[PDB]
Amino acid sequence: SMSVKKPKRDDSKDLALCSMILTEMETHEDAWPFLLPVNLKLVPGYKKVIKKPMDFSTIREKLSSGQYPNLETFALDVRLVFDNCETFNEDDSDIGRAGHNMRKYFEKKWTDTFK
């Protein structure tokens, strides 16, 4: 509350560390469905169904330009990528499986870097 604060967690490295995580997600062999925005002209249904499209290149541009206020807003966009994937793709599909694999890969790096 006013003039009452928990001890200050060092967040000075969060930007660099999120960048590193994102580099590792970008270079994963199963990243290919997530590297670029879904083409809304060429994928019937995507535009109407997926209210907030997100992909790794959009996260990279947001990160690089100071559009994440803190490390939690960064994680929310990474998770959005996978939530969107589950919304649109059957579990038993190459893309469906890719999304599960990448979400697992992310969540471990996230816990190991920050928890």
Side-chain angles (χ1 to χ4, degrees), residues 1-7 9-12 14-114:
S1 72
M2 195 181 334
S3 306
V4 185
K5 291 303 167 323
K6 293 200 189 53
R9 183 202 168 254
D10 183 12
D11 66 343
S12 60
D14 286 1
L15 185 61
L17 282 158
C18 290
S19 187
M20 290 171 57
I21 298 170
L22 182 58
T23 294
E24 295 166 356
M25 275 195 311
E26 293 169 331
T27 60
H28 192 296
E29 73 163 291
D30 298 341
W32 57 266
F34 313 113
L35 298 173
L36 297 179
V38 175
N39 181 338
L40 301 178
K41 303 175 195 297
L42 306 177
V43 179
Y46 210 82
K47 190 172 199 301
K48 186 64 179 273
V49 172
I50 302 291
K51 300 300 172 180
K52 286 174 71 166
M54 191 47 63
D55 67 284
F56 296 166
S57 76
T58 304
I59 296 171
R60 174 67 73 191
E61 182 65 34
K62 287 176 71 166
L63 192 60
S64 291
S65 63
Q67 295 185 62
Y68 291 116
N70 54 56
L71 84 168
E72 300 305 332
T73 62
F74 168 84
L76 282 167
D77 266 357
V78 177
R79 291 168 180 142
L80 176 62
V81 171
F82 310 125
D83 295 346
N84 288 349
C85 181
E86 279 199 52
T87 292
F88 210 79
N89 294 263
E90 275 294 346
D91 294 345
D92 188 8
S93 65
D94 293 276
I95 291 166
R97 281 184 283 278
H100 288 293
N101 286 354
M102 295 295 310
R103 180 193 303 270
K104 187 86 181 167
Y105 189 73
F106 172 67
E107 290 304 348
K108 165 120 152 81
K109 300 280 184 190
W110 189 251
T111 294
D112 292 359
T113 302
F114 294 119

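Numbering starts at 1 and runs along the sequence shown. Heavy atoms only: backbone and side chains are in, while hydrogens, waters and symmetry mates are out.
Between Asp14 and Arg9 there is a salt bridge, since at least one side-chain N of the basic residue sits less than 4.0 Å from a carboxylate O of the acidic one. The residues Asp112 and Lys108 are annotated as salt-bridged, a charged nitrogen and a carboxylate oxygen being separated by less than 4.0 angstrom.
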Run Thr23 and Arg60 through side-chain contact (heavy atoms from CB on, under 4.5 Å) and show every step you take. CA-CA 9 Å; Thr23 294; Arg60 174 67 73 191; 2.8 Å; yes
Pair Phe106, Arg79 - check side-chain contact (heavy atoms from CB on, under 4.5 Å), show working. CA-CA 9 Å; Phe106 172 67; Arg79 291 168 180 142; 4.1 Å; yes
Does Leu15 form a side-chain contact (heavy atoms from CB on, under 4.5 Å) with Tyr68? I'd like the steps, not just the answer. CA-CA 9 Å; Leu15 185 61; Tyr68 291 116; over 6 Å; no
Please test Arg103 against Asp83 for side-chain contact (heavy atoms from CB on, under 4.5 Å), starting from the C-alpha separation and ending with a verdict. CA-CA 9 Å; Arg103 180 193 303 270; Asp83 295 346; 2.7 Å; yes
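Counting only distance, with no hydrogens or angles, the side chain of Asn84 and the backbone of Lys52 share a donor-acceptor pair below 3.5 Å. Proximity of a side-chain donor or acceptor of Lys5 to a complementary backbone N or O of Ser1 within less than 3.5 Å is detected. Checking side-chain atoms of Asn70 against main-chain N and O of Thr73 turns up a donor-acceptor pair under 3.5 Å.
Under the 4.5 Å side-chain heavy-atom criterion for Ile, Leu, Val, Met, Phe, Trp and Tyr, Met54 and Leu63 are members of the same hydrophobic cluster. By the rule that hydrophobic residues join a cluster once side-chain heavy atoms approach within less than 4.5 Å of another member, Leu35 and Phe74 end up as members of one cluster. Linking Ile, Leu, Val, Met, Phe, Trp and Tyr residues whenever their side-chain heavy atoms come within less than 4.5 Å leaves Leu40 and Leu36 in two separate clusters. No chain of hydrophobic side-chain contacts below 4.5 Å, direct or via other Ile, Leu, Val, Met, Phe, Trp or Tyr residues, connects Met25 to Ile95. Two different hydrophobic clusters hold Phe114 and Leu76 under the rule that ILVMFWY side chains link at heavy-atom gaps under 4.5 Å.
Residue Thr87 holds its OG1 atom at 5.0 Å from CD1 of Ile50, rounded to the nearest 0.5 Å. Rounding to the nearest 0.5 Å gives a distance of 11.5 Å between OG of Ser57 and NZ of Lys62. Summarising the geometry, atom NZ belonging to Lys51 is positioned 13.5 Å from atom CG belonging to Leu80; distances are rounded to the nearest 0.5 Å.
Annotation: side-chain hydrogen bond (donor to acceptor under 3.5 Å, both in side chains) contacts involving residues 27-46, sequence neighbours excluded, comprise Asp30-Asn101.
In this structure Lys104 satisfies the salt bridge (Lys or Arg N to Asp or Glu O under 4.0 Å) test with no other residue, sequence neighbours excluded. Contacts of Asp92 classified as salt bridge (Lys or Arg N to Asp or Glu O under 4.0 Å), with partners at least two apart in sequence or in another chain: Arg97.
Contact annotation: the side chain of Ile59 approaches that of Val78 to within less than 4.5 Å [non-hydrogen atoms, C-beta and beyond]. For the pair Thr113/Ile21, a side-chain contact is recorded, criterion being any heavy-atom separation below 4.5 Å from C-beta on.
Using cut-offs of 30° and 60° on the angle between ring planes, the pair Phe34 and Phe56 is tilted.
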